[PDB]
Amino acid sequence: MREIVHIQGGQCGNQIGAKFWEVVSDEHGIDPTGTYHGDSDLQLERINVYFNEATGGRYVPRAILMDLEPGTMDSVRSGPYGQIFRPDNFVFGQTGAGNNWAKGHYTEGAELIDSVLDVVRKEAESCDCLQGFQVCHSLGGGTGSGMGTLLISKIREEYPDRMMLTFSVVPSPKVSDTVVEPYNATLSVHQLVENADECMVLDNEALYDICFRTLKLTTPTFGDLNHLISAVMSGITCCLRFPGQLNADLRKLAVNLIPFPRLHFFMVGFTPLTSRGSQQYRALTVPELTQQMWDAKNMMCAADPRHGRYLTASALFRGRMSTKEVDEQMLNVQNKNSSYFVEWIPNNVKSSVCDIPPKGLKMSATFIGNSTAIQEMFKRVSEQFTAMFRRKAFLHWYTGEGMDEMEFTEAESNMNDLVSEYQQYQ
Amino acid sequence: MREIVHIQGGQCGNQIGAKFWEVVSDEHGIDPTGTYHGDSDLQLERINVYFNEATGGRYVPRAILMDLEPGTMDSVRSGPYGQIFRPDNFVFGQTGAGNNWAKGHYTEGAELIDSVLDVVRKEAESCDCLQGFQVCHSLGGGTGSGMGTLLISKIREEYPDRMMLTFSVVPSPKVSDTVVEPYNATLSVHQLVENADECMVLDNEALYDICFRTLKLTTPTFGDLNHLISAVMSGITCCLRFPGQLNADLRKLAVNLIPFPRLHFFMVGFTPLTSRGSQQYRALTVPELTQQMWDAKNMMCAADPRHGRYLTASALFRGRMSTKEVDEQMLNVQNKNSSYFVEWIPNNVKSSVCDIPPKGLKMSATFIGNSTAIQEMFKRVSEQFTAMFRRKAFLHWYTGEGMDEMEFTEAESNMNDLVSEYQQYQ
Amino acid sequence: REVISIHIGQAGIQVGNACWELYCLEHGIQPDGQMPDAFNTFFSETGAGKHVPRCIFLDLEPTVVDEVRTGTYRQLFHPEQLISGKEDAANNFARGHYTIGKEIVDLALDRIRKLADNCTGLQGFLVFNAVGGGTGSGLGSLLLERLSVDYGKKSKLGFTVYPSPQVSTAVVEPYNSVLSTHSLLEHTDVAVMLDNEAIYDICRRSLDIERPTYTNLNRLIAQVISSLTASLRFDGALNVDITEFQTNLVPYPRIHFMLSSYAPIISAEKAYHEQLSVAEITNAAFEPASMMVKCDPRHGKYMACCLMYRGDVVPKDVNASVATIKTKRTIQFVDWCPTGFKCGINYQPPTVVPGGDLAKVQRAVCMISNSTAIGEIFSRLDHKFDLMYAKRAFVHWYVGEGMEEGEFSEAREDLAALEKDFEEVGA
Amino acid sequence: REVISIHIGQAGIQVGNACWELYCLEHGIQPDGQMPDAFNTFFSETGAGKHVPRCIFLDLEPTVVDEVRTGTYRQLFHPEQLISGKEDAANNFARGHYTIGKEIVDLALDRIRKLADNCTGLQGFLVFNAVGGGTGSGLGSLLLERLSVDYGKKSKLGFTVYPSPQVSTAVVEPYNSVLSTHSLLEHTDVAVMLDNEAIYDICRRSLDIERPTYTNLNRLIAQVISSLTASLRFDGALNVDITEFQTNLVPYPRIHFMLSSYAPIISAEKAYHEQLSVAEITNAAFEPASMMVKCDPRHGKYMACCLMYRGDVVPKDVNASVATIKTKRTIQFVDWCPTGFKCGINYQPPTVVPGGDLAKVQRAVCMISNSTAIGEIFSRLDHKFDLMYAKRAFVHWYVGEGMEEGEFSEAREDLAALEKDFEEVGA
Amino acid sequence: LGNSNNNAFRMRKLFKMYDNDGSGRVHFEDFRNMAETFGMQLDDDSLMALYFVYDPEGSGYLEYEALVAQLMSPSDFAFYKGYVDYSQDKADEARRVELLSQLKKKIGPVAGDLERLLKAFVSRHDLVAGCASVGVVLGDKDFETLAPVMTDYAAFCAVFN
Amino acid sequence: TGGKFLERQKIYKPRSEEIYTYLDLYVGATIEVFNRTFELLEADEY
Ligand SMILES: Nc1nc2c(ncn2[C@@H]2O[C@H](COP(=O)(O)OP(=O)(O)OP(=O)(O)O)[C@@H](O)[C@H]2O)c(=O)[nH]1
Ligand SMILES: Nc1nc2c(ncn2[C@@H]2O[C@H](COP(=O)(O)OP(=O)(O)OP(=O)(O)O)[C@@H](O)[C@H]2O)c(=O)[nH]1
Ligand SMILES: Nc1nc2c(ncn2[C@@H]2O[C@H](COP(=O)(O)OP(=O)(O)O)[C@@H](O)[C@H]2O)c(=O)[nH]1
Ligand SMILES: Nc1nc2c(ncn2[C@@H]2O[C@H](COP(=O)(O)OP(=O)(O)O)[C@@H](O)[C@H]2O)c(=O)[nH]1
Ligand SMILES: [Mg+2]
Ligand SMILES: [Mg+2]
C-alpha cells in the first residue's frame, strides 16, 4: 500500500544496493531466480512495498540504477541476485564524469537526467500511493553525487509531497580516497540542505573502527561494510514490511526527529554487533542491547556524541520484546547521562518495536540519534575547503566547464550558517 | 541481589584470580565449559553474585583482568576455566611497565585507565545493587601495584559508597624477588591508606613457612600458594553465597574490625591445613580448628602477633557446626591469653557460621585479625626505603618520568604516622 | 438498550481487540460468530445463527487492521466495518484533523449512521483513543465534532490514554495532547483518563510480571470497560447505565475527567494467598497502588466517585465500608459535596480469559473518581508544552500542513484557563 | 481475639520459624496450609481449607528470607508478607535507623496496616528482635517509632535478645544495645529479656546437650512464647490476657525489663528418673539454674512476678506453694509491694515437637519476673560501653553514616539516669 | 555426644551395648525404651511408621544398622560400627573395581559390534586384533585387569553388556 | 574471526586420576580434555 522506489548512484551506491537487495530478498525468501521459496505467509503480504509481481509470482525489485561506467554494471550482474532486476531500469551513460561534480551536474546529467526521470516517472506511476523514495550514494565522487544531486532536485520540484531518504557516505581525512573530496562534499551538501527531506550520514572510518573492535575481522572487504549498512537500511524499513506492537513509518520518524527544517542529518548505530567468538559469552536482553546501542564507538560517523549534545534520539527494535522494559531503559539512559541531552525538549527518545527479527538473530535494534556533534565533521571538511579555496587549487577543471566562484561562496556560506546554527542550538 | 565484581592486577593478580575462579566455579558446580552440572539447588540461588547468565545457563564470571604482558594473558587462558571468560573483559595493554611504579601510575595509566574504567563501568551498571568490588594485586610488580593503585583511586572518586576489598602481597626481605620492592610498596600503601576500604596483607614467606611446617610439601610451586589464598578468598565471600545460622557480610566484617579509619590492614589465617600423612590422625572438632587458627605459625603475614596486641579479630566458619561450642571456644581463647588482647575493647571477637562446608571437607574456618603486630613489617619496610632514599639509589628512573621528591617525602611521612598510630594503639 | 464502540488509533484497535474478545467469551460466542438477549447491547443477530459487533475500527495505516483481518476473528468482525486509510497522519494533529480527515471521516460518519439506524434504543457511543498519537487525536477530534453536531444530546464516552510524564513513547505528544484537549474540552460528554505508568506499576507490583507487553495492559483495560458496562449487560441488585454519569460525575460542564481504578488486581497464586472480602478492596481502590493514572490523590481532593461492584456482594458491607471511609480522614473530600459516592452491583463476576494473567476472583470493584490530581497533571503537561513551544520547536510541520500560531496560543491560554478553573474549584 | 507477630532481624525470623512450626503442629495444620476456631488468634481462614499466619518476617539480608520461602513452609507463609531489603544494615544501628530504614519502614507499616485491617479484635503486636545486630536494632527502632505514632496505645510485646557479658558474637554489640535501648525505653510497652548463655546453661544442665545449635534454643524460646500465648490460643481455669502485663509487671512506665523463666526443662530420660509434681517445679522456676538471662537473682530484689501454668493444674497446691515461698526467706521482695504475684492456669499441656528435647510434660511453668538484677546487667553493659567509648572506637562508622556524638553522649547519660532510677527503686 | 574421647561409648549405649546377642534385630517395645532413654520421646503411632518403612513384614524386629546411619554423621558412624577395614588389600580391590568400571565405560558403547566381529572370527591375540579393529585399544595391562573376568568370547561380551 | 587454546601440562582423565598417554593418540580417536572432547582428524607425516 505504501511504496518505496530505490535509486542507486555510482559504484559505491550500486554495490551497496546490490547487497541491500540481496539481504532483503533473503528476508522475504525470494531466490535469485525471482520465485518464492519462503515458508511463512507473513513474508507475502508486504512485498509490494519493494516489488512488482511481473509474470505469475515473479517479483522484480522496484529499483533504478544510474552510473557512468560499464564496469559497475558488470559487477552488478556478476554476483548472485544480480539478474533479478529489469533491464529497462538499467539506465546508464557511456562516457563518465570521473570524480568531477561539475561534469556530473552540468554536462553528462544534461542528457542523462531526462531519461532517468522518465524511468523513475514510469516506476512511480506504476504504483498507487507513494510513501517515499530512497537514494543511495556518496559525497566524495562526482558521478554518484552530482547526478544524484540533480536527480534529487528534479524529483523535489516534481513531487514535493512525498518522503525521501538519502544515504550518503562522507569522506574523512583519516579515510581520504580522492583529492577533491571537499569540492565535492561541500557542493553536494549545499544541495542537500535545500532539497532532501533527510539524510543519513555514513563514514568508512567508523566502519573500519567497528570491524576492528566489535567485529574483529582480519580482512574487512567492501562486502562486509556494505553488509553492515544494508542491515541498517533493512532495519529502518522493517516497520513498513512487518507489523509491530508500536509502528513507526518513515514519515512518523522524520516528523519526530527533525525539530527545525534545516536539521536533518543523523548519525546511525546498529546492534547487536559482536565478534563470532564473543557471540557465545553474551546474553540477549534489552539493557545488553541498549548499552551497545548508546556506545559512542558504535556510531557510524566520526563525530563523538559526548563531544556535543543530543537533540533527539530514536530506537527501532526487532523481535518480540517487552515494551515496559523498553521505556524504562530509555528513561534510565536519559536520566543517568542527562548532560548529553538537550535541555528545552523533555523525553528526547522515540522508541518503536516490531515483532519480526532479522533472519539469523533473535533480537536487533537500530539507533538513529540527532545530535549536534555533526558540526565537527562539517567544520572538519570546510576548513579543508577553505584551505584549497584560499589560493584556488584544482579549480580550473570546474571553472573551465561552466561553474564559477559564487557557487563556492554560496556553498561555504551555507555551510557556515549551518554550523553556526548547530553551535546556536548546542 | 548483592553484587561483587572482580578485578585482577598484574601477573600474580591474574594467576591468583585464575585459581580463585577455579575454586568458586567448582564450588557452584559449573564446569570449565560454562554449564551447570551440580545437584544441590542451593548452588543456583547465589551465582548472580559472581556470574551473569549468557546463553542457556552460560555463566560468565563478573571479572576484569588487567595486565601489560601477553604471556600473562596466555597463562590465563591456560588452565581449567580459562575459556569461561568473555574476551571483551580481557582488557589489556601492549607496552609493559616492568616493576616500575611510575610507569604503572603516570605513563601507561594515561592510556589504559580509560579502557578499564569503561569496562568496569559496563560491568558495574550491568547489575543493579553492587555490594562491593574486589581487587587482587601485588605490591612488588609495577602494573599490579601501580595501575591497580590508579584504578582504586579512580573508582573511589567515582563510586565511594560501595564496599571495596583489596588483597595485596607485600614483598619480604627473606622472600625477595626484585630490588625496587620498597620504592613500590611504600608508594602503594601511601595510596592505600586513604583510598582502600580495607586490605588483607599477605606474604609468600608465611606461605612457604606454612607449607613446609603444616603441608610439608617438598616442591610448593606457585600453584598451591594460589590454592591457599583462594581458600582465603572463598572463605571471606562464602557467607554471602550461602545461608547460615548467623551470617555476616563484607560491610559488617568491616564495621566490626575497623575501630579507626586508618587502621585497615589485616592478617589472615585459614584452617584446617594438614598434610595428608597427618590428615588421618586428627580429630574434627571446634577446638581442633581453634588451636590451629589462633596458632601464630598459621598467619599469612610476616608479623608475630604475640609480639603485640590483638586489637580485634573475627572468624568465619563453614559447615554444620554448633553455636554454643563456637562462642564458648571464642570466650576461652579470649580469656586464657588475656595479655594479647587490647584492654579498652572487651569482646574482641566477631564470629559467623555458614552451614555449607567447602567441597572435599567437613568443617573449616578462616581468620581475620586486626592487630598491631603489622607495624613490625611496615617499620621493616620503611627502614629499607630510607636506606635507599637517603643516597638516591635507582631514583633517576622515577624522577626522569614525572615523579618528584615530595612524593617520596609524603610516602615516608604517611608511613611514619601510621606506624606511630599503630604504636600508639599498641 | 444499545451502545456503539468505535476505535480511533493504533492503540484503539488493539484495545478493542481485547474488549470484543472478552465480550464474546463472556457471552459464550465462538469466534466463528454464532452461539452453540444480553448480547443485544453489543451484538445484532445478523441473519440468524450469527452475531455482529456494534463496532467500528478505523485507522490510516493498513498493517494493524488487516492483521485483524487475517487474525482469528475474521468472521466475527465483519469485513466492511474495518475502515482503513492509505497513509498515516504520523503523529501530526494537523495532518490528522485537516489533511486526511476530510476524506475518511465522511465514510466513518455514514457508516455509523446506518449502524445507528440498525440500532433502536441508542444509549450512546464510546470512543477509544490515545491523545499521544496523530490519528487518535486529529481525525478523532474531527469525528467527535461532527458527531456532536449530529447528535449532541447522546452520551459519548471518551476513554483516552494519556502519555505518562516520565514514560514517553513519542516526542510531539505534548503538542498533540494540547490540541486534542482543546476539542475534547467541549465535544465529549464523559471522558475517562488512563495513563500507562500506573498500569506499569500495577503489573510490576500486583501482577508481578517482570517483562510485560501491551497485551496484558489491554487485557486489564478491557476488563475495566467490561466492568463498566456489565451494569447494562446483566441485571444486578443495583445497576446504572451510561446516562447517569453526567448527573453524578460531572459537576461542571468543562471538568469531565475521571480517574479510574480497579480492584482486586490479583494473580493466580495470590488468590490462594488472600481471603477476598469487600473492605480491603474498598480501601485498595483508593490508594495509588491500584489506580490507572500516575498521580497522587493525597495531593488531590476528591469531588465525585463511582463504585461498580461485580460478583457476590451484599449492600450491608459496602455501606459499612463507605461509612468507615467517610469517618476516616486519610482522604479529604471537597467542601461542596456532602455525599460524594455512588455505588453499584451486578451479579455476574468478571470471568477469566485463556492465557490471561488473572485468577478466578469472587468479586471485583471498579472505581471511577474525580480529583484535582488531574489539575496537577494538566500543569505538568502544560509546562513541558511551554518548554518546547518557547523556541518554536517542531512547529514548522504543522504550519507546513496549513495550521498557524493562533490555535497554539489559544489552546495554551485555554488550558491556562483550565488551570485557573481547577485552582478555583479546589478551594 | 487476634494478635499478630512481626520479627525483626536475623534472629527473630528464625524464632518465628520455630514458633509457627510449633503453632501449626499445635493446631494440627499441615505445612501445606490446611488441616486434613482456636487458630483464629494467629491464623485467618482464607478461602476454604487454608489458614495464613498473621505474621511479618522482615530482614535486610534476603538469603535467610528466601530460605524460609524455599523451606518446608512454602505455602503456609504466603509469599508477600516476608518483606526483605537488598543489603544489610550490617550490625550498624545508624545504617539500620536511617540508611535503609527510610525505604523499608514505609512498606512495612503499610503492610501491617492492611494486616490489621484484616484483623478485627486486635489486642496488640509483639516483636521478636535481638538488640545486638544492626537490622534488628536500627529499623526495628524506626519501625517501633512509626508504629508508636501509628497506634501508640496498643501493646507491643518486645521479646529482645541481649548480648551476654562474657559470651559474645559481635564486637560493636554494646553500642548497638545502648542505642537500641535509647529508643527501646520509650517505644516498647512490655519488653522481656532473653540472654543466650543462660539458655546454654539450661541446655547444658537440664537438657544434657553438650553440642547444641540455635534450633534447640529457638525451640525452647518458642515454647516460652506458646506458653505465654496459650491464654489467648485457649481457655483455662484462670485466664489472663495481654493487657494485664502493663497493670501488674510495670509499676513505673520506664522500668519494663522482664526476665523469663521456664520449668520444667526436663529431658525424656529425666521424665522417668523423676516423678513429677508441682512444688519442685515452683522451686525450680526461681533459681538461676533455670532462668533465661545470665544473672544472679540472689543479689537483687524482685519487683513483680507472673506465673503461667499449662497442663493438669489445681490452684490449691499452687496457692499453698506460693504461701511457702512467701514465708521462705531465701528470696527477698521489695518493700513497695506486699503481693508481687499473679498466676494463670491453662488446661492444655504444652505439646512436644518432632524430635524435641523436652518430653510430654503433665505440667509446665513459664515465669516472667522483674528485679534489680537487670539493673546490675545494664551497669555491666554501660561499663563495657564506656570502656570502648573513652577512646572513640567505631564512632567514625556512625558518623560516616551521618550521625554525630550527641546521640552517643545522650544515650550514655540516659542509661546513667537508668542506673540511678534502678538504684532508687531498689531501696 | 558433644566432645570427649569417650563419646563413642555413649553412642554404643544406643543399641550395641545393651543388645546381648544376635544380629541387628530389636523388638518394638525395646526400641521405644532405647529411644526414650536417649530423649527421642516417640509416640507409638509414629513409632509404627518407622517399622512400616524399615520392616515390610509382620516380624516386628528391626535392623538398626540401616536406621542409625542416617541418624549419624558418616564420619562418626564408624565409631558406632566399631569395625572398619582400612587394609591395603581392601584398597587394592577398590582399585580393581574402579579399573573394571572404567573399562566397562569404554567398551560399553561398542560392545554390540564386538559380538558380531568375534562371531565373524577365539584367541587372546585375536581378541587384540578384533578390539583394535572395532576401535578400543586393548593392552597388556588391560588383560591384567580382565584376567579375573574371563578364562569365552560370548560371556566376555555378555559381562561387558 | 578466531591462538593458544590449552597451555602445556598433563591431562588427567575425566573421573579417574589417570593421564592420557601416547597409547591413546590415533586418527579417528577422541580424547576428553576438561569436559571437552576432541577428535584427532589428521596426523602429521612425522
Ligand atoms: N494502553 C496502550 N497504549 C498504547 C498501545 N499502543 C500505543 N499506545 C499509546 O498510543 C500512543 C501513540 O499513538 P498510537 O496508538 O501508537 O498510534 P496512532 O494513534 O495511530 O497515532 P500515529 O502513530 O500518528 O499513527 C502512545 O503514546 C502510547 O501511549 C497499547 O498497546 N496499549
Ligand atoms: N537466641 C538467639 N539469638 C540469636 C540467634 N541468632 C542470632 N542471635 C543473636 O542476634 C545477634 C545479632 O543479630 P542477628 O539477628 O544475628 O542479625 P541482625 O539482627 O539481622 O543484624 P545484622 O547482622 O546487622 O543483619 C547476635 O549477637 C546473637 O546473639 C538465634 O538463633 N537465637
Ligand atoms: N560503503 C562503500 N563505500 C565505498 C565503496 N567503494 C568506494 N567507496 C567510497 O566512495 C568514495 C569514492 O567515490 P566514487 O566511487 O568515485 O563514487 P562513484 O564513482 O560515483 O561511484 C571513496 O572515498 C570510498 O570511501 C564501497 O564498496 N562501499
Ligand atoms: N603468591 C604469589 N605471588 C607471586 C606470584 N607471582 C609473582 N608473585 C610475587 O609478586 C611479585 C612480583 O610481581 P609481578 O609479577 O612483577 O607483578 P606484575 O609485574 O604487576 O605483573 C614478587 O614478589 C613475587 O613474589 C604468584 O603466582 N603467587
Ligand atoms: Mg499510530
Ligand atoms: Mg543480621
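Chain D uses Swiss-Prot numbers throughout; the residues present, in order, are 2-37, 47-437.
We read in the header that electron microscopy, 3.4 Å was used to get this structure.
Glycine is no exception: its Cβ is also placed from the backbone N, Cα and C atoms.
As recorded in Swiss-Prot, the features of this protein are as follows:
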ACT_SITE  D:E254  active site
BINDING   D:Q11, D:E71, D:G144, D:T145, D:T179, D:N206, D:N228  GTP binding site
BINDING   D:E71  Mg(2+) binding site
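Note: the Cα of D:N228 (GTP binding site) and the Cα of D:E254 (active site) are spaced 26 Å from each other. Around the Cβ of D:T179 (GTP binding site), the number of neighbouring Cβ atoms within 10 Å comes to 24. Put simply, D:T145 (GTP binding site) is 30 Å from D:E254 (active site) when counted between their Cα atoms. DSSP assigns D:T179 (GTP binding site) to coil in the three-state reduction, placing it in neither a helix nor a strand.
Annotation note: D:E71 (GTP binding site) sits in a coil segment as assigned by DSSP. For the binding-site residues listed here (D:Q11, D:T145, D:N206, D:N228), the lowest count of other CB atoms within 10 A around the CB belongs to D:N228.
Take the recorded positions D:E71, D:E254: by the count of other Cβ atoms within 10 Å of each Cβ, the lowest one is D:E254. For D:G144 (GTP binding site), the same-chain residues lying six or more positions away in sequence with a CB closer than 8 A to its CB are D:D98, D:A99, D:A100, D:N101, D:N102, D:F103, D:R105, D:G106, D:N186.
Once the Cα atoms of D:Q11, D:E71, D:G144, D:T145, D:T179, D:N206, D:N228, the listed binders of GTP, are compared pairwise, the greatest separation found is 22 Å. Proximity to chain B (CB-CB distance below 8 Å) holds for D:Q11, D:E71 among the binding-site residues D:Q11, D:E71, D:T145, D:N228. DSSP classifies D:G144 (GTP binding site) as coil under the three-state reduction.
In the three-state DSSP reading, D:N228 (GTP binding site) counts as helix. D:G144, D:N206 are the recorded positions among D:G144, D:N206, D:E254 whose C-beta comes within less than 6 Å of an atom of ligand 2, given in sequence order. Mapped onto three states, the DSSP output places D:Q11 (GTP binding site) in helix. In this structure, the binding-site residues that sit close to ligand 6, with a C-beta under 6 angstroms from any of its atoms, are D:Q11, D:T145, chosen from D:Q11, D:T145, D:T179, D:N206, D:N228. Mapped onto three states, the DSSP output places the residue listed as 'active site' in coil. Look at D:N206 (GTP binding site): DSSP puts it in coil.
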